[PDB]
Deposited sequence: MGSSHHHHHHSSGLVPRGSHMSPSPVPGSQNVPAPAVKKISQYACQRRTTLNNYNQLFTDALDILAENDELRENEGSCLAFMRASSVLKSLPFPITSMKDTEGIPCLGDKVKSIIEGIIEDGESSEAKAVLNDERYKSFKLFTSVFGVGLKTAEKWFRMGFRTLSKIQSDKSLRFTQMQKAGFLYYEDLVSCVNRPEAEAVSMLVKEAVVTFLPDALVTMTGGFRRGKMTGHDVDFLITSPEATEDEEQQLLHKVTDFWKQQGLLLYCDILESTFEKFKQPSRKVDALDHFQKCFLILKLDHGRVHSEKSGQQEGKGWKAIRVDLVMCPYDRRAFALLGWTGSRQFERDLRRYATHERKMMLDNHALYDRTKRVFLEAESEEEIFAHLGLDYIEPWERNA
């Protein structure tokens, strides 16, 4: 009957009855990220996450009793929204010049907190003024970010994600016919949209060399068809992103392939290749959500004295690595009831 402070001990489905509160908390968290207040940022992200798990809307302050991750500052914000349907705090952030510039600049692929801060201090306020500047030097990632901006800023829907899945699977089985391809991320959690389409690729019989060459073979095949708009292949190195071999792509998705102008759409696609025995850890890590993953690792450390990541699960007391053929086995090792992928939308 007691709501846990850990997302991995909550069922969070896509039906959010508290969007008025969580949209405001998400804006306040984002501003704290920009102001480098990591602590206050994480407190607003946890409060937003717990409200997303509620099976009813908050309509009075009494409704917040017993809910964790809701301290005094957060309850003041909830009180203000109950008062007149708006957050004065979130409204002030939305009107702030630094906040507006950071949101706009980081909306470009290849632009993060550091580059957005640099451009703001240089006096830039619009993407048109940045792009047309003759002194600025752009990374290959930023050039692609600006060239395919309108397509990348529009969300990827389910017919588009499915069309991408078909392309990925048909390219992959051409070089590794026994390979298992799984769509991960938001779409695996039941989402109708996303900023990208992510896939986990694994093969039970492939060699170390075959496993290494698959992403190169698949991207060369797409490069030949003129479908590869951007490609960054990070070699495996198996504290940041995981060491598995991965690639961050922009693919040309022809309209004819989508069962739902220029006749195509630029789509952000990420592919991850992992060894067959680590497929459960990689699937769990790549399914998300971000908050679900954070709390899984926090719970493992603080409550079980275990260490979890996308590649393994280590027990510090028994001094052994724990092995798993499925996500269910990882949850069981952690002493957690199994949370379905569509229930991990924390």
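Visitor: In sequence order, which parts of the deposited sequence are missing C-alpha coordinates?
Guide: In the chain as deposited, 1 to 37, 276 to 284, 286, 308 to 314 carry no coordinates.
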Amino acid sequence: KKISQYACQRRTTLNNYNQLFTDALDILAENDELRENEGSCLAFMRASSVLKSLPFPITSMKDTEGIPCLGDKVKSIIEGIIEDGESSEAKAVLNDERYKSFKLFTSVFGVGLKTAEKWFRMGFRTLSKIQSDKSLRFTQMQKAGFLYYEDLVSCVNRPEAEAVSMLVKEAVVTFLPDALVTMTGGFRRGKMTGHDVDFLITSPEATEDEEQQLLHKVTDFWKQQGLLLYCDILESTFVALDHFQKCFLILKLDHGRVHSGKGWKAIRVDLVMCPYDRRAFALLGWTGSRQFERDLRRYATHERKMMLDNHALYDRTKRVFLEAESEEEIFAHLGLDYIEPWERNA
From here on, numbers count along this sequence of modelled residues.
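We call the rigid core the largest set of C-alpha positions that still match within 1.5 Å between the two forms.
Visitor: Fitting on the rigid core only, I'd like to know which of the two stretches, 267 to 275 or 129 to 137, ends up farther away in Cα terms in 7 other deposited structures of this protein.
Guide: Stretch with the larger root mean square C-alpha distance in 7 other deposited structures of this protein: 129 to 137.
Visitor: Which stretch is less alike in 7 other deposited structures of this protein, 61 to 69 or 28 to 36, counting RMS CA distance after the rigid core is superposed?
Guide: Result of the core-fitted comparison in 7 other deposited structures of this protein: 28 to 36 deviates more.
Visitor: Taking the mean of the C-alpha B-factors per stretch from the entry, tell me the winner out of 180 to 188 and 119 to 127.
Guide: It is 119 to 127.
Visitor: Highest mean C-alpha temperature factor of the two stretches 27 to 35 and 42 to 50, which is it?
Guide: Higher of the two, by average CA B-factor, is 27 to 35.
Visitor: Highest Cα B-factor in the deposition, which of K75, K103, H195, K143?
Guide: Highest CA B-factor of the listed options: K143.
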